[PDB]
Amino acid sequence: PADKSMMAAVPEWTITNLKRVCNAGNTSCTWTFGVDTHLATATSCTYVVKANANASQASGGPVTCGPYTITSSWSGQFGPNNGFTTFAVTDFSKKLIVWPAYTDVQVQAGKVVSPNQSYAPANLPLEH
Amino acid sequence: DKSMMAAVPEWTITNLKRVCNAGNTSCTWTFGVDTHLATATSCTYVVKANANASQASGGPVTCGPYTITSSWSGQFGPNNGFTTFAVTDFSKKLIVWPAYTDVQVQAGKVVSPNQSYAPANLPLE
């Protein structure tokens, strides 16, 4: 059969008010953001990543926020100036997943990312 | 508020296949990346680990214009383990995340149908 688009026929999920707050020693980074699917009222998420060092680079999760299972990994593959975090936000019940990705520059000041960034959910053919 | 999805065709991961050695210390992923606007790129993507290379985080590996990493997650239990690739065209600042359950790739068989993913913009500098 034809190539299968994995993009769901749903509105893009908007990640709202995304901010990273890391403690003094960068052993705990707290990500706060909303998942706004528009089809439902937005889910507010507190996503804490801990590590012995460089929590801002550490892989995090799985953390459950509302219907979502959230992980995150950081990549310096393009150099430390071009480091970026990729969240994996999965609604298990809907079998939908998005990958919000934020460069360190966007989040380094601990200031909100604006505008809010929206991503097209992909189907993930999990088997219930 | 601002869509990060690029206004280009979805990229198709063609003939995605995972082959792991006997001890699962090395899994070789083979696939093509077809943007449909340029010649497809053939990719060989080897993940090695002391154990469970099929669960190991891979990359970065370069295949043509793409920098590829991969992450595996058992957050939904072993039955619903799935691998997420991060395929980034750094020059275009475009990235897709082809995601395949272990069910889809366990046979070492080619994933069919091929699966297409909408690239997102990655605002690198």
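Name the single residue, out of those in the range B:93-103 being in contact (Cβ under 8 Å) with a residue 60 or more places away in the chain and not β-branched (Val, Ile, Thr), that is surrounded by the fewest Cβ atoms within 10 Å (Cβ to Cβ).
Of the residues in the range B:93-103, the ones in contact (Cβ under 8 Å) with a residue 60 or more places away in the chain are B:94, B:96, B:98, B:100.
Next, only the ones that are not β-branched (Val, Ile, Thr) stay: B:94, B:98, B:100.
Details: B:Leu94: 20, B:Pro98: 25, B:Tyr100: 24.
Here the residue is B:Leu94.
Within the range B:57-77, take every residue that is assigned to a strand (DSSP E or B) and closer than 11 Å to A:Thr71 by Cβ and give me the one that is nearest to the chain's Cα centre (by Cα).
Only one residue fits best here, namely B:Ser71.
Condition check: assigned to a loop (DSSP other than H, G, I, E, B), more than 9 Å from every other protein chain (Cβ to nearest Cβ) and on the phi < 0 side of the Ramachandran plot. Does B:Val111 satisfy that?
Spelling it out, B:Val111 is indeed assigned to a loop (DSSP other than H, G, I, E, B), more than 9 Å from every other protein chain (Cβ to nearest Cβ) and on the phi < 0 side of the Ramachandran plot.
Which residue pairs have Cβ atoms under 9 Å apart, sit 6 or more places apart or on different chains, and have a first residue in the range A:21-36 that is over 22 Å from B:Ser3 (Cβ atoms) and a second that is charged (D, E, K, R)?
A:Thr27/A:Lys50; A:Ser28/A:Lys50; A:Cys29/A:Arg20; A:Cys29/A:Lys50; A:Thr30/A:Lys19; A:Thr30/A:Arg20
Please work out if A:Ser73 is among the small types (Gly, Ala, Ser) and more than 7 Å from chain B (Cβ to nearest Cβ).
No, not satisfied.
One residue is enough: does the range B:38-54 have a residue meeting the conditions of a type outside the set (A, V, I, L, M, F, W, C), under 24 Å from B:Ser112 (Cα atoms), within 13 Å of another protein chain (Cβ to nearest Cβ) and in a strand (DSSP E or B)?
no
Which of the numbered conditions does B:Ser116 fail, given that it passes all the others? Conditions: (1) surrounded by fewer than 17 Cβ atoms within 10 Å (Cβ to Cβ); (2) within 10 Å of chain A (Cβ to nearest Cβ); (3) not in a helix (DSSP H, G or I).
Answer for B:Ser116: the failing condition is (1).
Quick note: the coordinates plus some simple rules give every number you see, no bench work behind them. Positions of Cβ are backbone-derived with ideal geometry, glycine not excepted, and every protein chain shown enters the neighbour counts.
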